[PDB]
RNA sequence: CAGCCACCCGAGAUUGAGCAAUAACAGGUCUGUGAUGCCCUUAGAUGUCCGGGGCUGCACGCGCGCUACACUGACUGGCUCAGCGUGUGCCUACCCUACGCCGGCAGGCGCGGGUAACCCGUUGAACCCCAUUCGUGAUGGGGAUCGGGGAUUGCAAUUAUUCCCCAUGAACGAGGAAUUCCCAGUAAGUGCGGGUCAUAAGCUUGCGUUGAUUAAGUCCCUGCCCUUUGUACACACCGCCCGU
């Protein structure tokens with residue numbers, strides 16, 4: 001068996017994006033008992049998607065010059081809130097994780113386009129890899145600010161943001177960021 | 001009475017008389033392995049000391 | 001009116017009191033010179049100050065002493081007189097008072113100085 | 001018997017002495033279930049239960065470790081265990097199941113047999129780090 | 001010993017008012033010298049359970065603490081562990097509470113200027129005691 | 001800024017706390033502090049005391065993550 | 001085709017640096033030098049024998065950097081993993097440094113261990129491994145702002161300069177415009193070492209330890225002037241030049 005942390009089942013995930021399981025994978029054979037395998041995917045290209053996304057999380061809520069070099073703390077803090085989503089929604093955290101990655105994942109962004117002008121922006125399609133990168137970045141930014149200077153501890157601010165982003169609820173900071181991206185895509189055609 | 005008074009105060013911590021062993025120069029003495037030179041003489045005379053650059 | 005003392009003792013008591021509890025009265029200074037020992041060129045300043053102290057003019061201060069050496073002192077026998085201490089080019093005149101004990105003679109030689117007075121003017125804009 | 005063929009990660013290494021014993025795996029006087037970080041135990045039980053806890057049928061494996069960093073020792077202690085299992089399973093017993101378990105753990109990951117050649121580079125002067133340089137003064 | 005209802009805002013020093021919201025081992029930091037590891041050690045060797053809170057602060061606790069802070073030799077504590085060892089201008093060895101008596105000792109600006117000492121002049125202008133060299137750099141005071 | 005919180009022992013730590021923490025499904029010092037208006041420090045202290053009483057099920061313990069669930 | 005991109009094996013399918021052209025600068029160094037050019041210096045010798053102050057000053061402007069603003073955490077302490085090195089010696093005491101007694105703090109004598117992978121050393125180390133008050137504060141993030149005392153190398157710690165114990169919580173709620181630096185064991189966090197050295201690091205130079213989403217692209221607004229082009233410049237645009 002290959003269950004996550006030996007307690008969360010991995011034979012239950014359904015991405016439901018027709019063909020996106022090659023760019024968001026927790027079932028893949030690279031998915032291991034723990035999300036700790038040291039950094040080896042960042043060297044080359046399109047190898048980052050071969051990462052077990054649990055590792056990408058435990059390294060994305062791992063930032064800001066106070067956490068770098070403390071990866072075991074990140075693995076402890078992901079065990080935390082994995083066993084907490086195990087009880088908050090009464091379901092496997094991988095299901096809500098794939099729901100969050102399939103909804104928060106942006107499609108339309110706005111960028112400067114042109115060789116001779118600088119007046120406005122143009123709508124662009126954000127590829128699956130960049131969309132998961134910036135979605136996890138928004139999730140981690142919210143989870144940092146939701147427990148920053150606040151009495152609320154980690155594994156619950158992250159937990160709250162994850163649950164209210166996984167169901168598509170717009171109350172999430174990540175989902176409001178997604179809506180802002182979509183609306184700025186509307187307003188810059 | 002300077003003949004018996006000469007060299008009264010032992011200046012042992014200072015390198016005024018223990019300066020670079022080459023000439024009347026200071027300001028950058030290094031005692032690594034007891035060189036007792038400044039940077040100038042060491043770098044210009046490092047070929048005979050045995051220190052080479054292959055790093 | 002106001003009351004000043006040296007923690008229950010004076011120069012006379014400290015002269016009578018031995019160095020045993022003097023070290024307990026000593027803050028941290030002038031103790032290890034005993035263990036280290038005193039060197040040469042160090043026997044004339046005490047004689048000179050004592051000789052000056054022996055004859056004190058009536059209604060006049062003890063005669064000025066020109067000293068070029070910062071001599072470490074171990075006893076309060078200096079207190080009660082005047083000293084001409086070093087400034088850098090002259091000899092400045094010092095009245096000794098009970099603050100001398102508990103402090104070193106070299107701590108009365110304060111000499112440090114600016115260059116000149118001016119403001120950021122025509123030359124300096126940014 | 002010493003069929004040890006290193007098993008390494010960074011500057012820390014492990015040597016997996018293997019013999020016909022009790023089936024208990026020892027790490028320098030302490031069981032693999034209890035290691036100082038108290039966090040990578042699953043990383044150590046991964047190989048055995050991935051290939052099968054039933055494989056050990058009287059094999060005493062003592063791994064001796066030396067090097068810097070605890071987590072640096074791990075990924076090599078388990079690599080040493082996998083190497084010792086490979087040596088035992090290559091010395092006498094068949095290869096079909098050996099190739100089966102090898103394919104399974106190879107698709108599981110790559111850091112069980114072949115070492116990571118990575119190592120800490122030197123630092124270049126004129127900066128705080130090897131690649132980072134000081135701030136420009138305007 | 002243990003009692004749910006003993007929470008009072010004020011401790012008595014010189015009939016002045018202090019804060020009483022802090023927990024034990026931290027509610028007696030309101031005294032100038034008591035606090036830090038001093039209060040920690042007196043509560044540590046006071047032979048009482050330290051899990052108590054502000055609400056369970058008994059009057060016997062306060063009385064024993066006041067007695068222990070009056071003189072340090074209750075558990076043979078030397079005088080230097082207090083902020084005031086042998087005093088200046090008097091031969092005492094203890095710190096005095098309230099204001100107008102201890103703070104009278106701190107004013108140390110005129111007599112050193114009599115002997116033209118540097119320390120007194122430095123404390124006369126409110127300059128640095130640690131010896132922070134001042135050339136142009138510094139971002140405190142006028143802006 | 002201004003430190004001012006509940007430090008008084010009254011009908012807030014036993015009543016409405018021992019009568020509303022057991023009935024909820026997630027119990028955390030932060031969760032108890034937020035949902036029951038109580039202080040997180042005293043929440044931890046009371047949770048330790050009631051664990052000593054033995055009326056919870058503990059999964060794991062940490063400085064910031066002590067995992068409790070209903071047992072009785 | 002030269003080559004580029006993917007893939008299986010393989011330790012490794014771009015490991016990092018010193019060498020680096022022709023030719024040149026009026027860029028810094030005469031305060032690096034027993035390598036040196038008329039002026040003060042012709043013994044009235046800007047230290048020179050002895051040596052007692054000096055780049056050791058206060059109102060402020062984004063000069064490399066420093067600990068932080070906190071609950072991914074300082075914090076009782078549990079467990080335990082480092083690698084380059086540096087080390088008793090010519091007007092060179094002072095270098096590391098295994099125990100008894102004492103002394104919280106540095107340190108006294110001894111039996112010895114060290115020219116060295118023999119001695120500290122198994123650098124038991126150090127970051128982390130989260131059982132302690134901690135809960136949004138002036139207390140425990142933030143010793144940043146007081147006076148006393150033991151004292152080891154230091155005749156000479158005067159701005160407790162440097163070895164600590166008590167008390168001192170100012171300011172900082174991650175901070176405008178302009179804006180350094182960073183692609184793999186890298187950035188980043190983290191401590192040890194060498195340089196200076198009374199025993200000395202907020203600096204620099206090495207080392208380990210822990211250790212990413214950062215994109216395998218374009219030339220914007222940054223420089224680098226390669227090709228075409230114009231020239232009345234060639235002292236080469238800091239050029240040339242017209243007129244009152």
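Cβ coordinates were reconstructed from backbone atoms using ideal geometry, including for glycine residues, and neighbour counts include every protein chain displayed. Any read-out appearing in this document is the output of simple, stated calculations on the displayed coordinates, not a laboratory observation.
Meeting the requirement of 2 or more residues that are within 6 Å of RNA strand G (Cβ to nearest atom) and within 27 Å of residue A:52 (Cα to Cα), the helices (runs of 4 or more DSSP H) wholly within the range D:66-138 are D:70-73.
Conditions (1) within 14 Å of chain F (Cβ to nearest Cβ); (2) more than 13 Å from RNA strand G (Cβ to nearest atom), marked per residue:
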| site | (1), (2) |
| --- | --- |
| A:107 | no, yes |
| A:141 | no, no |
| A:163 | yes, yes |
| A:173 | no, yes |
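When each of F:14, F:24, F:68 is tested for being surrounded by 12 or more Cβ atoms within 10 Å (Cβ to Cβ), within 13 Å of chain E (Cβ to nearest Cβ) and not in a helix (DSSP H, G or I), the lone residue that passes is F:14. Give me the helices (runs of 4 or more DSSP H) completely within chain B, filtered to those with at least 3 residues that are surrounded by 11 or more Cβ atoms within 10 Å (Cβ to Cβ), ordered by residue number. The qualifying helices (runs of 4 or more DSSP H) are B:39-44.
In the condition set (1) within 14 Å of chain E (Cβ to nearest Cβ); (2) near RNA strand G (Cβ under 9 Å from one of its atoms); (3) in contact with a strand residue (DSSP E or B) (Cβ under 9 Å, 6 or more places away or on another chain), residue F:47 is compliant with all but (2).
To keep it simple, each residue is scored yes or no on (1) more than 14 Å from the chain's Cα centre (by Cα); (2) away from chain A (no Cβ under 14 Å).
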position: D:37; (1), (2): yes, no
position: D:44; (1), (2): no, no
position: D:48; (1), (2): no, no
position: D:58; (1), (2): yes, yes
position: D:66; (1), (2): no, yes
position: D:73; (1), (2): no, no
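Could you grab me the full set of residues in the range E:108-143 that are exposed (fewer than 11 other Cβ atoms within 10 Å of the Cβ), closer than 24 Å to residue E:83 by Cα and within 12 Å of another protein chain (Cβ to nearest Cβ)? The one that is exposed (fewer than 11 other Cβ atoms within 10 Å of the Cβ), closer than 24 Å to residue E:83 by Cα and within 12 Å of another protein chain (Cβ to nearest Cβ): E:110. So if I check each of E:95, E:70, E:85, which one is surrounded by fewer than 16 Cβ atoms within 10 Å (Cβ to Cβ), away from chain C (no Cβ under 14 Å) and under 20 Å from the mean Cα position of the chain (by Cα)? Just a single option satisfies the conditions, and that option is E:70. When D:80, D:97, D:2 are checked against the criterion of being away from chain A (no Cβ under 14 Å) and either within 23 Å of residue A:5 (Cβ to Cβ) or surrounded by fewer than 13 Cβ atoms within 10 Å (Cβ to Cβ) (or both), a single residue qualifies: D:2. Looking across the range A:41-71, the residues that are surrounded by fewer than 16 Cβ atoms within 10 Å (Cβ to Cβ) and under 27 Å from residue D:104 (Cβ atoms) come down to A:42, A:43, A:44, A:46, A:47, A:48, A:50.
Note on the range D:12-35: among residues that are near RNA strand G (Cβ under 10 Å from one of its atoms) and either assigned to a strand (DSSP E or B) or within 14 Å of chain A (Cβ to nearest Cβ) (or both), the one that is surrounded by the fewest Cβ atoms within 10 Å (Cβ to Cβ) is D:30. Taking the conditions (1) more than 14 Å from chain C (Cβ to nearest Cβ); (2) within 30 Å of residue C:27 (Cβ to Cβ); (3) assigned to a loop (DSSP other than H, G, I, E, B) in turn, residue E:37 satisfies each one other than (3). One residue stands out in the range C:11-29 among those that are under 18 Å from the mean Cα position of the chain (by Cα) and within 7 Å of RNA strand G (Cβ to nearest atom): the one that is nearest to residue B:10 (Cα to Cα), namely C:29. For residue C:70, the conditions (1) surrounded by 10 or more Cβ atoms within 10 Å (Cβ to Cβ); (2) within 14 Å of chain E (Cβ to nearest Cβ); (3) within 11 Å of RNA strand G (Cβ to nearest atom); (4) part of a loop (DSSP other than H, G, I, E, B) are fulfilled apart from (2).
In the range F:27-43, the condition of being in contact (Cβ under 8 Å) with a residue 12 or more places away in the chain, out of contact with any strand residue (DSSP E or B) (no Cβ under 8 Å at 6 or more places or on another chain) and farther than 15 Å from residue A:151 by Cα is met by no residue. For first residues located in the range A:76-95 and on the phi > 0 side of the Ramachandran plot, partners that are buried (at least 22 other Cβ atoms within 10 Å of the Cβ) and lie 6+ apart or on another chain with Cβ distances below 7 Å form the pairs A:81/A:155; A:81/A:158; A:81/A:159.
If you go through the range C:85-100 one residue at a time, do you hit one that is under 25 Å from residue C:34 (Cβ atoms), in contact with a strand residue (DSSP E or B) (Cβ under 7 Å, 6 or more places away or on another chain), within 12 Å of another protein chain (Cβ to nearest Cβ) and outside any loop (DSSP other than H, G, I, E, B)? Looking for residues that are under 25 Å from residue C:34 (Cβ atoms), in contact with a strand residue (DSSP E or B) (Cβ under 7 Å, 6 or more places away or on another chain), within 12 Å of another protein chain (Cβ to nearest Cβ) and outside any loop (DSSP other than H, G, I, E, B), one finds at least one in the range C:85-100, hence yes. Consider residue C:43 carefully, then state whether it is within 14 Å of chain E (Cβ to nearest Cβ) and within 19 Å of the chain's Cα centre (by Cα). Answer is no for this residue.
In summary, residue C:49 fulfils each of the numbered conditions (1) assigned to a loop (DSSP other than H, G, I, E, B); (2) buried (at least 16 other Cβ atoms within 10 Å of the Cβ) with the single exception of condition (1).
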